[PDB]
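Below is one structure, written out as structure tokens; the observations come after it.
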Amino acid sequence: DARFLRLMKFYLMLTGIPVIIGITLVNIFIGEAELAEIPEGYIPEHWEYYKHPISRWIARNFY
Amino acid sequence: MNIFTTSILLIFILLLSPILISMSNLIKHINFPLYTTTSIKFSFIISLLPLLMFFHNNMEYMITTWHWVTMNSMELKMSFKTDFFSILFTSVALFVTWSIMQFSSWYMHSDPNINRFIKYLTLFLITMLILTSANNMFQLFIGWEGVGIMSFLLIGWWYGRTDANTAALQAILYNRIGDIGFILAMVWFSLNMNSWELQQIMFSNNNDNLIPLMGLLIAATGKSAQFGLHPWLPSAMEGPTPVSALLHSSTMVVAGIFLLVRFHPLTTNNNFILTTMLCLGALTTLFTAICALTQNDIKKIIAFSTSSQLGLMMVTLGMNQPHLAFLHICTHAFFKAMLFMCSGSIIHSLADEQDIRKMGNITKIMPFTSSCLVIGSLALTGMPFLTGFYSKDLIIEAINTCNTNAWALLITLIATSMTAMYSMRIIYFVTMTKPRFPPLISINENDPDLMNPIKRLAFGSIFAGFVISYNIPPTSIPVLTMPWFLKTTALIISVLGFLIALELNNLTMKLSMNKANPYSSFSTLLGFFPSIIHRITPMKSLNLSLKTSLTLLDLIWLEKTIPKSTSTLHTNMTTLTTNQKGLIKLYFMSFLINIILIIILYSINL
Amino acid sequence: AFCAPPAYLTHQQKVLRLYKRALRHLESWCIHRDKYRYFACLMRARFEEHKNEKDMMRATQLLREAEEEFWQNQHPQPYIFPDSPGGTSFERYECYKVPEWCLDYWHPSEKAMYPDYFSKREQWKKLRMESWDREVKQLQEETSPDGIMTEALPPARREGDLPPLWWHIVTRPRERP
Amino acid sequence: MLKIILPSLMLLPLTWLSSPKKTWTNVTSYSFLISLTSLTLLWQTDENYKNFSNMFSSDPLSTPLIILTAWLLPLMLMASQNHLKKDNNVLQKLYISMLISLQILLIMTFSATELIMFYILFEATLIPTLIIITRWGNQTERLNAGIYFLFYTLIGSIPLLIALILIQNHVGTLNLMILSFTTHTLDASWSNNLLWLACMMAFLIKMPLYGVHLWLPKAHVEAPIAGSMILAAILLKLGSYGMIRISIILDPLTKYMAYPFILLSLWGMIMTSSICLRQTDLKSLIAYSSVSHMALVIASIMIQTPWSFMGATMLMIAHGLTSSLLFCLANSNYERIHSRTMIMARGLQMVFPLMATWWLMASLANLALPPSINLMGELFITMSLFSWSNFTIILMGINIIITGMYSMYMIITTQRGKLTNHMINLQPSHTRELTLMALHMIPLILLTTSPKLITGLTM
Amino acid sequence: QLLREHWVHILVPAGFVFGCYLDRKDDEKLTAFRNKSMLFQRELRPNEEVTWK
Amino acid sequence: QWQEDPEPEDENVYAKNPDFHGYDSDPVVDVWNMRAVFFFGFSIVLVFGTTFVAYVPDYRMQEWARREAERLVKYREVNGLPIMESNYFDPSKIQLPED
Amino acid sequence: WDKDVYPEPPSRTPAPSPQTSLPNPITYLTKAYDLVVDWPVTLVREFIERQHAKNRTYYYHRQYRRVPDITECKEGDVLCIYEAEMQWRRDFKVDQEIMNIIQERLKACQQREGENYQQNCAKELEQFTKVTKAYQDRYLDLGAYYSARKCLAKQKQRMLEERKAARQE
Amino acid sequence: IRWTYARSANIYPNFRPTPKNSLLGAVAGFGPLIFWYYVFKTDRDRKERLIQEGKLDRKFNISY
């Protein structure tokens, strides 16, 4: 009942800490998108209607 | 502003830091109770700043820190109602919790899992500050149920004995009987107002809010224990004494009456609710007071003191004077904390023995504990300048200057006399008579994790009511033009109760065989309300739950009707069908019958 | 707790238990020591009277009458020692009474933290395994042939032997661990 | 969806072609990956639902059940690993194949467009369950249990086939999108009330109603574990899903053909929770609690309001997780004492102080703890019922009381007390069976942190 | 290339790839209303031949 | 009697391989099963799935709805219009019957 | 943010106007709080803002164009009905968010007016009651299976009631 | 074990239908059913009556 907790916390931190650091670095240096209007006959792509970089990366690639 | 919101949120963050480090590998290598104590201290010091800001400007902010989910025009969101009540309760709770933490570091050694105890105390405080700062009612119910479970877990701390568990389940039962009314109110306000936030419920102020207010009545009846649901509070003393002092005399026992205080503008217009609050609170204030009489355990006496003063506060809500009830909350906190901690010093000093018949001469063998205990008892009574006055004087002034109900007035006055009586009973049987304790004396009042907390609570119980009453903004207008026998009625009646108890507790010193009465057992036992209800109501419930439910419907009759009827029918048809004998004579006779039926059917149908 | 009760339970200890609980409930009523001492002497007088009757059909009715007048003056909240039934601290530390067999599942990282203890424990268990068979035999060869028996647990007669059925009396967890 | 149910089929050769020593590991890890790739269908950035073909679709009611079905498989598979460890390898692999077949068929059910697809799959689910209950149950009542569990279902489901066939002969398509946009109001005759009953009293058996629930205790009590997980987690919800899909073509008959079933559900919920208050068998206590919970879902679906369908979805998922968790917790002790009697072992939390936290959290999920998707569901359907009739809270409150009682009584008389010192066989714990409870509870916390997903068609 | 007790790890990835291919094939099958719906119906961009494939 | 084997008595594990986890008898297989479970279940599923689900945009058209609501109350109350009229459709294109 | 959607009256505060020759612990703690907390935090946010402006990215709103409503739709044509039901559900979600906006306005007005709220918070009150009655005459007595056709049947029944009423001289 | 068996499986074998069993089961099965039926029916009927009369106070009921 302590070995399980050590392994739990280890394997969860293993990809929590890199992922969280990724969230922070994206939000700092690659931050959210601003709003704008349609520049008179542009026809955006579908990911340009979303805000976050991670979200629109996912949408551009896998959707 | 940023400072206000920042401090409010920082309180919760500091309080969560210990619960974070408890789930880490760092409970070792440090002293977790000291870390928690320091967190509570810094939280109090930070909470003072919102209090001063409010006393200055009186702004009553509202925060919506996080949006959780939308449900078809219902935005569930974490949101805090940072008004007078929230800040003034937060500061007081953190003060009392710092003191109880030092005490529970002194007490509760001999326990290996003391850090679990400390963590549970922090979790109770967090649920309480959620309940107390809430603007929604889902959040308030989170804190409500959190307090409930925390009491289950701390009352049932010593999980080996089968009385702490009964106490815990009992508390859970009564709190749920309150949660019915809570959920009723929440349902009504969701259906009609399409929201749970107070800012909309305030627009129901002229809408005949009878049944939601009855739900809140039931809720606070169960939580802030009243007569119909009173037993669980003294039964919540099998747990440790810091648990008692913190939860069951200051905070969990005050949740529901805080709730009624937070719904006072709906009560101004409903008079039936006021009337029933008055009568119920007065009934409690009489009953628990006369039941504290002829009790030997100190902890139960303080429990019934809590119930009595709480009935007095519900009596205050019975009229349009809730702010005075809240002052009595904030002042009752210090009395009960100090009393329970003095009791715990008296107990842990000697063995686990908690009964005044074996306590003896405590004025001399424990001067500090006796001094503080007597201060607390005097302030519990309406002593004119020790934080019990600054509420209770206005309470009795209001109640004999109002036109509601005369029996409530009378029995509340009698109950104040009884408060003086049982305070004198403790002061006599514990602090004045000769030693009844065993002869091996192992008292040690000298520990800085003991004396400093009761010292802080004593400065509280002497100064804080003055400070608060002279700093708060004026509300709940007072009446003071009246005869002299109403301005001095609480002082007179408390003094007279003191005199009666002194005389009657001197009457036992002389030699005369005293006898039992039909009285003195309605007090010793609790009107036989536990001894009846706790063994008929579960009896009929459980008997009806085994028979008439399991072994009458499911195991016999639902088996005999639907499946077994089917089985018997099909197998009996099988028997009368396929029990043929191998004779072509009979088969061919039946074939002939079929020929006849087919030709007849043809001739008929045609 | 250690000694098991009989079936018959003759007159004398009924009377004595009455004397005990009566004095205790009197102590509860008579809180102060002088009063309890006075009325205890009076109660011992009440018992000394009718001490010699030689009428087992008079002493029994005296017993019944005394028990009835005790029940009509039974203190509702009597004194109960802590660490005793019906009182505080009774089964309090029962949550902290872990048995011995839980050490059989320990890892060799905790046992290494306490080596001499387990050094003694292994030879304790060896003692147990050695004495068990002779212990069973002793209990077998001392059965009351008429059939009736008690929870008396005879002792060891020879040397090298151990008193039968001892591993649950010995090794019982302490009352304040 | 095809990308979810083809790998699920490939999990079968993965079982049969792997080593005996590297078969649980591979199939478990790859099942977790199926669960992962079953999150693509939570990408709903729009109001329009996700049609991948004439066969398959996925709405916000389908997707949580899909994900939960794909997620349970690793948990069933690890829980099933202590028992049948001394079984022959072919027997193991047959168990694995049955569980994976359940996964596949249940995904196909929740993803189906037509009702006949849903029917044949809703009935194909019976064969793995029956095999699991019967060949791997420990007791002798498993046979009668299988018979009950099969024939209740078939009795209810034959009229369902007849009604679907009628609807095909009347409309022509039996597809759910088209039955939504083309639904004629019904003439309110006995010939249509029988149709209502034929469409409903297959799902109402499986949920179950209180008039007909005797299959569920007999099966939960006697299925090894993983059968109990499934039978508590998604086979009951396989009736609620069907009701929510088929009720759209039965208006306005649901306004008056629902009184008996709402009423039966409510009163029998009280009856079942009272039974849970007094029951020697732990695995039966969980089962009667499941009945007392699914009854609210019955009443909620009968009311057909947005709040009600919503709370039904929430309660469905929450109950599934917490019930599987409680069955695991009981199995954890049954693998040592080999007894379902609860009052046998009653003084734990000394030996298992961490499992005793998973117990507590599982119960607090069960009773109405507010920051939880259990209380959200229970509260929202309570609010729907109060709108329906204010006199139903009188029953819901009795249920709330009894439901605190039996859960805390379970905890107390199983954990709290004096240890049964005569149990030397209480081995410390398994990292496996700790990870089980962690994987049951961590989803509850996450979904509580974001219940925007766990709602249904209406939010 | 000795003792391939680990080739079986290609079956499930193969299944995933094949399922994605089949979904691609299906939405190739259903390339009607591709730009005829009353909601979008955009004219093709200068370098565009199909709108969503 | 009918010649069956008797019940095999209560197995204990931690005698052999006291680092037993819950999976198999071989100490290697237990390790490489728990590592598999922990990794594939926590570190990828419960982490990356939470990330994916948290960074899904406009789940069921929620943010969009709020933005449209904002611009539409702006337009309606700027142009003096009745915000949220009491009939979704216009009677300009609805035909009721007579009697 | 947009103070025309979310209006906020100006936070007129009185000048301090002190009488004591003694200090106020609020203000000096505010100075300390500023020069300790607000300055590094503002530094960090200015850093983050300029790093946004290094590589700025934009997003749009997806204007959805109107479509033939269901009243212009034939009984059985599932394509037209699908498109109409979709635009209806879109408008429905938008209406819920409008109702949320107005409830938010009402709550904020109640808090800022505070005690004297039932005389100068009546504007938002009526703006809530009107839209509420609209929602009630528009979406209320349906069920989980709401649709354009059900709202249309409701509207039609109500117009029939109104016609029968105005029939009366 | 004898207790559990007596309270689980030895019930229906020893169940014999009798008066005070059949009547008791009919009551305890179908009585509360009918009671709550008429309660809810009266409430719903009164509600739809007061609705169709065009009266009922639902000044803010939005979410239902």
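Labels for the structure tokens follow display order: chains A, B, ..., residues from 1 in each chain, ligands from 1.
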
Residue neighbourhood segment 76-90 of chain C, 7 Å, only C-alpha atoms, exclusion window fewer than 2 positions, as a VMD selection string: (chain B and resid 352 to 353 521 524) or (chain C and resid 25 28 74 92)

Distance-based interface of chain G with chain D, 10 Å, counting only C-alpha atoms, as number ranges by chain: G: 75-79, 81-83, 85-87, 89-90, 93, 141-149

Preceding selection exported with N, CA, C and O atoms as a PDB file, in the first residue's frame:
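The result, written out as part_14.pdb:
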```pdb
ATOM      1  N   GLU G  75     -43.840  17.197 -46.255  1.00  0.00           N
ATOM      2  CA  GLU G  75     -43.974  16.046 -45.373  1.00  0.00           C
ATOM      3  C   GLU G  75     -43.340  14.833 -46.038  1.00  0.00           C
ATOM      4  O   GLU G  75     -43.892  14.284 -46.996  1.00  0.00           O
ATOM      5  N   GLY G  76     -42.179  14.412 -45.532  1.00  0.00           N
ATOM      6  CA  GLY G  76     -41.491  13.218 -45.991  1.00  0.00           C
ATOM      7  C   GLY G  76     -40.094  13.478 -46.517  1.00  0.00           C
ATOM      8  O   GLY G  76     -39.242  12.587 -46.461  1.00  0.00           O
ATOM      9  N   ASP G  77     -39.843  14.678 -47.030  1.00  0.00           N
ATOM     10  CA  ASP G  77     -38.536  14.999 -47.593  1.00  0.00           C
ATOM     11  C   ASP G  77     -37.543  15.115 -46.448  1.00  0.00           C
ATOM     12  O   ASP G  77     -37.452  16.147 -45.784  1.00  0.00           O
ATOM     13  N   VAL G  78     -36.785  14.046 -46.217  1.00  0.00           N
ATOM     14  CA  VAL G  78     -35.967  13.973 -45.016  1.00  0.00           C
ATOM     15  C   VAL G  78     -34.752  14.887 -45.092  1.00  0.00           C
ATOM     16  O   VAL G  78     -34.188  15.240 -44.050  1.00  0.00           O
ATOM     17  N   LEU G  79     -34.358  15.323 -46.287  1.00  0.00           N
ATOM     18  CA  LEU G  79     -33.164  16.149 -46.417  1.00  0.00           C
ATOM     19  C   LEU G  79     -33.457  17.581 -45.991  1.00  0.00           C
ATOM     20  O   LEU G  79     -32.743  18.165 -45.160  1.00  0.00           O
ATOM     21  N   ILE G  81     -35.972  18.424 -44.173  1.00  0.00           N
ATOM     22  CA  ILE G  81     -36.342  18.379 -42.764  1.00  0.00           C
ATOM     23  C   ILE G  81     -35.097  18.316 -41.894  1.00  0.00           C
ATOM     24  O   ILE G  81     -35.047  18.922 -40.820  1.00  0.00           O
ATOM     25  N   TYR G  82     -34.079  17.581 -42.335  1.00  0.00           N
ATOM     26  CA  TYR G  82     -32.841  17.504 -41.573  1.00  0.00           C
ATOM     27  C   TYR G  82     -32.181  18.870 -41.473  1.00  0.00           C
ATOM     28  O   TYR G  82     -31.782  19.305 -40.385  1.00  0.00           O
ATOM     29  N   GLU G  83     -32.077  19.573 -42.601  1.00  0.00           N
ATOM     30  CA  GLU G  83     -31.444  20.888 -42.585  1.00  0.00           C
ATOM     31  C   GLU G  83     -32.232  21.876 -41.731  1.00  0.00           C
ATOM     32  O   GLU G  83     -31.649  22.679 -40.984  1.00  0.00           O
ATOM     33  N   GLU G  85     -34.347  21.156 -39.161  1.00  0.00           N
ATOM     34  CA  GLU G  85     -34.191  20.781 -37.765  1.00  0.00           C
ATOM     35  C   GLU G  85     -32.832  21.201 -37.240  1.00  0.00           C
ATOM     36  O   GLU G  85     -32.703  21.611 -36.081  1.00  0.00           O
ATOM     37  N   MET G  86     -31.807  21.125 -38.082  1.00  0.00           N
ATOM     38  CA  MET G  86     -30.481  21.532 -37.652  1.00  0.00           C
ATOM     39  C   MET G  86     -30.424  23.027 -37.377  1.00  0.00           C
ATOM     40  O   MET G  86     -29.910  23.454 -36.333  1.00  0.00           O
ATOM     41  N   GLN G  87     -30.947  23.845 -38.293  1.00  0.00           N
ATOM     42  CA  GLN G  87     -30.903  25.281 -38.040  1.00  0.00           C
ATOM     43  C   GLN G  87     -31.790  25.657 -36.856  1.00  0.00           C
ATOM     44  O   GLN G  87     -31.452  26.575 -36.094  1.00  0.00           O
ATOM     45  N   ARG G  89     -32.226  23.717 -34.141  1.00  0.00           N
ATOM     46  CA  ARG G  89     -31.476  23.353 -32.943  1.00  0.00           C
ATOM     47  C   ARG G  89     -30.371  24.360 -32.670  1.00  0.00           C
ATOM     48  O   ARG G  89     -30.055  24.671 -31.512  1.00  0.00           O
ATOM     49  N   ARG G  90     -29.781  24.883 -33.737  1.00  0.00           N
ATOM     50  CA  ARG G  90     -28.791  25.942 -33.615  1.00  0.00           C
ATOM     51  C   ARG G  90     -29.392  27.173 -32.945  1.00  0.00           C
ATOM     52  O   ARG G  90     -28.863  27.680 -31.942  1.00  0.00           O
ATOM     53  N   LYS G  93     -30.072  26.479 -29.128  1.00  0.00           N
ATOM     54  CA  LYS G  93     -28.901  26.665 -28.279  1.00  0.00           C
ATOM     55  C   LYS G  93     -28.594  28.149 -28.094  1.00  0.00           C
ATOM     56  O   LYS G  93     -28.283  28.603 -26.978  1.00  0.00           O
ATOM     57  N   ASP G 141     -43.330  23.594 -23.022  1.00  0.00           N
ATOM     58  CA  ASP G 141     -44.062  22.377 -22.709  1.00  0.00           C
ATOM     59  C   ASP G 141     -43.757  21.236 -23.678  1.00  0.00           C
ATOM     60  O   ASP G 141     -44.523  20.270 -23.754  1.00  0.00           O
ATOM     61  N   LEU G 142     -42.635  21.303 -24.380  1.00  0.00           N
ATOM     62  CA  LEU G 142     -42.142  20.200 -25.187  1.00  0.00           C
ATOM     63  C   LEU G 142     -41.489  19.190 -24.250  1.00  0.00           C
ATOM     64  O   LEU G 142     -41.692  19.218 -23.033  1.00  0.00           O
ATOM     65  N   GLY G 143     -40.713  18.270 -24.809  1.00  0.00           N
ATOM     66  CA  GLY G 143     -39.957  17.322 -24.013  1.00  0.00           C
ATOM     67  C   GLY G 143     -38.554  17.111 -24.523  1.00  0.00           C
ATOM     68  O   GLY G 143     -37.991  17.984 -25.184  1.00  0.00           O
ATOM     69  N   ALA G 144     -37.978  15.951 -24.214  1.00  0.00           N
ATOM     70  CA  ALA G 144     -36.618  15.658 -24.642  1.00  0.00           C
ATOM     71  C   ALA G 144     -36.503  15.609 -26.154  1.00  0.00           C
ATOM     72  O   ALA G 144     -35.443  15.926 -26.708  1.00  0.00           O
ATOM     73  N   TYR G 145     -37.582  15.234 -26.836  1.00  0.00           N
ATOM     74  CA  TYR G 145     -37.590  15.054 -28.278  1.00  0.00           C
ATOM     75  C   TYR G 145     -38.086  16.294 -29.002  1.00  0.00           C
ATOM     76  O   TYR G 145     -38.772  16.185 -30.023  1.00  0.00           O
ATOM     77  N   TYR G 146     -37.777  17.471 -28.465  1.00  0.00           N
ATOM     78  CA  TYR G 146     -38.115  18.716 -29.131  1.00  0.00           C
ATOM     79  C   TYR G 146     -37.555  18.745 -30.544  1.00  0.00           C
ATOM     80  O   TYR G 146     -36.538  18.122 -30.854  1.00  0.00           O
ATOM     81  N   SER G 147     -38.238  19.492 -31.399  1.00  0.00           N
ATOM     82  CA  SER G 147     -37.945  19.534 -32.818  1.00  0.00           C
ATOM     83  C   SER G 147     -38.650  20.753 -33.386  1.00  0.00           C
ATOM     84  O   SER G 147     -39.468  21.387 -32.719  1.00  0.00           O
ATOM     85  N   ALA G 148     -38.318  21.075 -34.633  1.00  0.00           N
ATOM     86  CA  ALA G 148     -38.970  22.193 -35.296  1.00  0.00           C
ATOM     87  C   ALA G 148     -40.456  21.933 -35.469  1.00  0.00           C
ATOM     88  O   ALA G 148     -41.273  22.850 -35.340  1.00  0.00           O
ATOM     89  N   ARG G 149     -40.824  20.685 -35.748  1.00  0.00           N
ATOM     90  CA  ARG G 149     -42.222  20.345 -35.968  1.00  0.00           C
ATOM     91  C   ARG G 149     -43.045  20.502 -34.699  1.00  0.00           C
ATOM     92  O   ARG G 149     -44.200  20.940 -34.749  1.00  0.00           O
TER      93      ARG G 149
END
```

Could you give me, as a PDB file with N, CA, C and O atoms, in the first residue's frame, the residues within 12 Å of residue 6 of chain A, counting only C-alpha atoms and dropping anything in the same chain fewer than 4 positions from it?
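So the final result, stored in around.pdb, reads:
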```pdb
ATOM      1  N   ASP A   1       0.801  -1.216   0.000  1.00  0.00           N
ATOM      2  CA  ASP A   1       0.000   0.000   0.000  1.00  0.00           C
ATOM      3  C   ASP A   1       0.838   1.272   0.000  1.00  0.00           C
ATOM      4  O   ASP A   1       0.280   2.351   0.220  1.00  0.00           O
ATOM      5  N   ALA A   2       2.149   1.167  -0.180  1.00  0.00           N
ATOM      6  CA  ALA A   2       3.022   2.275  -0.510  1.00  0.00           C
ATOM      7  C   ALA A   2       3.753   2.059  -1.819  1.00  0.00           C
ATOM      8  O   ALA A   2       4.003   3.024  -2.546  1.00  0.00           O
ATOM      9  N   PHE A  10       4.633   7.679  -9.976  1.00  0.00           N
ATOM     10  CA  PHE A  10       5.730   7.728 -10.934  1.00  0.00           C
ATOM     11  C   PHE A  10       5.216   7.673 -12.362  1.00  0.00           C
ATOM     12  O   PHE A  10       5.531   8.542 -13.183  1.00  0.00           O
ATOM     13  N   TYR A  11       4.435   6.644 -12.685  1.00  0.00           N
ATOM     14  CA  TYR A  11       3.961   6.479 -14.049  1.00  0.00           C
ATOM     15  C   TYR A  11       2.989   7.567 -14.462  1.00  0.00           C
ATOM     16  O   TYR A  11       2.812   7.796 -15.660  1.00  0.00           O
ATOM     17  N   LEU A  12       2.357   8.240 -13.503  1.00  0.00           N
ATOM     18  CA  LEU A  12       1.445   9.316 -13.850  1.00  0.00           C
ATOM     19  C   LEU A  12       2.201  10.627 -14.039  1.00  0.00           C
ATOM     20  O   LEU A  12       1.946  11.360 -15.001  1.00  0.00           O
ATOM     21  N   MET A  13       3.179  10.906 -13.172  1.00  0.00           N
ATOM     22  CA  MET A  13       4.036  12.071 -13.343  1.00  0.00           C
ATOM     23  C   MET A  13       4.851  11.991 -14.623  1.00  0.00           C
ATOM     24  O   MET A  13       5.122  13.027 -15.238  1.00  0.00           O
ATOM     25  N   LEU A  14       5.224  10.774 -15.037  1.00  0.00           N
ATOM     26  CA  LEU A  14       6.116  10.574 -16.178  1.00  0.00           C
ATOM     27  C   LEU A  14       5.632  11.296 -17.421  1.00  0.00           C
ATOM     28  O   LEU A  14       6.429  11.910 -18.140  1.00  0.00           O
TER      29      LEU A  14
ATOM     30  N   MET B  23      -0.726  13.698   0.489  1.00  0.00           N
ATOM     31  CA  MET B  23      -0.692  12.714  -0.579  1.00  0.00           C
ATOM     32  C   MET B  23       0.690  12.564  -1.199  1.00  0.00           C
ATOM     33  O   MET B  23       0.829  11.828  -2.181  1.00  0.00           O
ATOM     34  N   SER B  24       1.705  13.234  -0.656  1.00  0.00           N
ATOM     35  CA  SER B  24       3.078  13.117  -1.103  1.00  0.00           C
ATOM     36  C   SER B  24       3.853  12.178  -0.185  1.00  0.00           C
ATOM     37  O   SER B  24       3.304  11.553   0.724  1.00  0.00           O
ATOM     38  N   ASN B  25       5.159  12.094  -0.431  1.00  0.00           N
ATOM     39  CA  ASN B  25       6.084  11.326   0.385  1.00  0.00           C
ATOM     40  C   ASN B  25       6.803  12.195   1.404  1.00  0.00           C
ATOM     41  O   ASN B  25       7.880  11.820   1.877  1.00  0.00           O
TER      42      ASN B  25
ATOM     43  N   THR D 431      -1.172  -5.210  -6.089  1.00  0.00           N
ATOM     44  CA  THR D 431      -1.036  -4.019  -6.916  1.00  0.00           C
ATOM     45  C   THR D 431      -2.061  -4.025  -8.041  1.00  0.00           C
ATOM     46  O   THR D 431      -2.595  -2.975  -8.418  1.00  0.00           O
TER      47      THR D 431
ATOM     48  N   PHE F  38       0.305  -0.127 -15.803  1.00  0.00           N
ATOM     49  CA  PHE F  38       0.523   1.235 -15.335  1.00  0.00           C
ATOM     50  C   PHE F  38       0.796   2.177 -16.494  1.00  0.00           C
ATOM     51  O   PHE F  38       0.101   3.181 -16.655  1.00  0.00           O
TER      52      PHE F  38
END
```

Residue nearest chain F - candidates C:147, C:5, C:108, C:177, atoms counted: only C-alpha atoms: C:108

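Near residue 38 of chain A, within 10 Å and counting only C-alpha atoms, sit residues 41, 42, 43 and 44 of chain A; 59, 60, 61, 62 and 63 of chain G; same-chain residues fewer than 3 positions away were not included.
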
Selection near segment 236-239 of chain B, 9 Å with only C-alpha atoms, sequence-local residues under 3 positions removed, as a PyMOL selection string: (chain B and resi 151+154-158+163-164+167-168+170-171+231-233+242-244+248+299-300+303) or (chain C and resi 88-89)

Helix (DSSP H, G or I) positions in chain F, given as JSON, numbers by chain: {"F": [27, 28, 29, 30, 31, 32, 33, 34, 35, 36, 37, 38, 39, 40, 41, 42, 43, 44, 45, 46, 47, 48, 49, 50, 51, 52, 53, 54, 63, 64, 65, 66, 67, 68, 69, 70, 71, 72, 73, 74, 75, 76, 77, 78, 91, 92, 93]}
